[PDB]
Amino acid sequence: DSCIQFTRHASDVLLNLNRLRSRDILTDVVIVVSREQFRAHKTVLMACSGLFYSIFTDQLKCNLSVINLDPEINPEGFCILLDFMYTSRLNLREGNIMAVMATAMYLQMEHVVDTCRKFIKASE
């Protein structure tokens, strides 16, 4: 086509989706990770994660308002990844890298798994 493109559009959309999440506006699911609860938008979760894409395209699970993750999933690791989904920013640290990588593997977030593997290989 003969379209023009607005460079910052995708980033501005994501910034606004994060603002809606922070104000709990039109959030439609709560992700339970052991004792912790995280409110989010199903569409954003599906757009970032192979696991959520599978869950919310399921004819029964698409209608659930609560999703319980595997008890081995670390809430801080999930929180870091949920923040990444809504911002493109990953708070990767020596103290959390193992939890972040394990959570990214479970959530099926290949690019995160890739940078975690690379950061781990550099430290050995």
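Start at 1 and count along the sequence shown; that's the residue number.
Please compare 3-11 with 115-123 and say which has the higher mean C-alpha temperature factor in the record. The entry gives the higher C-alpha B-factor average to 115-123.
For the higher mean C-alpha B factor in the entry, choose 90-98 or 40-48. On average, C-alpha B-factors are higher across 90-98.
Could you tell me which third, lowest, middle or highest, the C-alpha B-factor of residue 70 occupies within its chain? Tercile = middle for this residue's CA B-factor.
Report the third (lowest, middle or highest) to which the CA temperature factor of residue 82 belongs, ranking only the modelled residues of the same chain. According to the entry, residue 82 has a C-alpha B-factor in the chain's lowest third.
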